[PDB]
Structures are given as structure tokens and as C-alpha cells.
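Before any comments, here is the structure.
Every read-out reported here was derived from the displayed coordinates using simple, explicitly stated rules and does not represent laboratory data. Don't worry about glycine lacking a Cβ; one is built from the backbone with ideal geometry, like all the others, and counts go over all protein chains shown.
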């Protein structure tokens with residue numbers, strides 16, 4: 001009974017979920033109006049792929 | 001000094017209509033472009049309506065849509081406007097001001113400069129409930 005001693009090249013593959021939730025950067029860049037510098041608008045982004 | 005006294009505020013029933021005024025003194029009416037604002041208690045100042053110095057644009061804000069009639073009288077140098085179909089969202093403090101003087105700051109120059117003229121600010125409440 002003989003050990004392997006048989007070299008075979010190997011490839012590499014990565015696999016992930018598609019996107020399924022895009023961070024809404026459209027809502028903060030392509031908007032209609034922004035606040036004044038003294039009353040700067042703020043938004044929180046979390047739980048999304050940026 | 002230049003003054004802009006605001007008046008005409010009060011609690012009004014929703015769906016009604018009221019009016020308020022701004023008496024301006026210390027400058028000629030035609031020099032400056034005049035207008036009003038609105039201050040929600042928890043949000044910053046917003047522009048609602050404004051009158052051209054001559055009366056060319058007299059532009060408004062689509063937030064109030066077509067529920068406006070602004071009118072400035074030169075003899076008294078006084079600005080007027082009214083609300084129709086009152087709704088609670090209109091509840092806010094409305095101020096009066098005149099433009100024309102804006103700061104001129106050159107690249108890395110001097111930020112100190114002339115500024116516009118503001119008013120006093122009168123509160124307007126819209127609600128379907130009565131008052132004691």
C-alpha cells in the first residue's frame with residue numbers, strides 16, 4: 001500500500017452572496033436639497049454593503 | 001438702526017386662513033430684496049416666500065405650494081403675506097428679512113463683512129383643537 005506522492009495543481013474560487021442590500025448613497029448625493037452649513041444634515045449608514 | 005418688526009401670529013384652526021406683516025424701517029424699500037422664513041421648533045430655518053425689490057420674481061416655496069399672497073406696500077415700506085388651507089405642519093415661527101448685503105470673502109481673505117437685515121419672528125400655530 002503506497003502513499004500519494006502524486007502532485008496535482010489546484011485552482012482557487014471565492015463565493016459570496018450577490019449584493020442584496022446596497023447602501024443608499026443615492027439618497028445622500030443625488031438629492032434635491034441640503035441643509036445649511038450651520039444646520040448640517042446627518043444620516044447614519046449601517047447594515048448594508050457600501 | 002435698520003429694524004423689521006414682525007406681527008400677526010396666533011393659534012388658528014386647521015383649514016382656515018390668517019395673515020401677518022413685517023414693518024421695515026431704516027432703509028429704502030427698493031434697495032433690498034425682502035422675504036420671510038419659517039422655523040420649525042426642532043429644525044433649521046427654511047425659506048417660504050420672498051418679494052423682489054421691484055417685484056419682478058416674488059418667488060415662493062413649493063412646500064406651501066399655492067397657498068400664498070405676498071404683497072409689499074412702498075408707502076408704509078411694509079410686507080404682508082397670508083396662509084390658506086391651514087394645516088398643522090405650517091405651525092412654526094416665521095421671520096422677516098431683507099437681502100442685498102452679502103459677505104465678500106476673497107481666497108484666504110477677510111470673512112468680516114456686511115450682512116443682510118433680519119426681523120423679529122412671530123409664532124403661528126395650526127391645530128384642529130380649540131383654545132381656553
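Before moving on, here are some points about what is shown:
- Helix-derived mean residue ellipticity, 222 nm - over the protein assembly as shown, DSSP H n ≥ 4, -39500 (n - 2.57), to 500: -500 deg cm²/dmol
- Computed over the stretch B:3-127: relative contact order in percent, which uses C-alpha pairs under 8 Å that are six or more apart: 35
- Centroid-to-centroid, using Cα positions, the stretch B:1-35 and the stretch B:41-73 are 11 Å apart.
- GNM on chain B, alpha-carbon springs under 10 angstrom: the most fluctuating residue among B:107, B:88, B:41 is B:107.
- Inter-chain neighbour count for A:32-39: the average number of beta-carbon atoms from partner chains within 10 Å of each residue's beta-carbon is 2.
- The ranking of B:108, B:96 from fewest to most other beta carbons within 10 Å of each one's beta carbon is B:108, B:96.
- Each part gets one Cα centre, and for the stretch A:2-50 versus the stretch B:81-95 those centres are 43 Å apart.
- Placing pseudo-labels 7 Å out from each Cα toward the beta carbon at residue A:49 and residue B:131 gives an inter-label distance of 5.7 nm.
- For chain B, modelled as a GNM whose springs connect Cα atoms under 10 angstrom apart, the maximal fluctuation among B:92, B:14, B:75 occurs at B:75.
- Geometric extent, Cα atoms of the stretch B:1-112 - Rg, Dmax (angstrom): 15.4, 52
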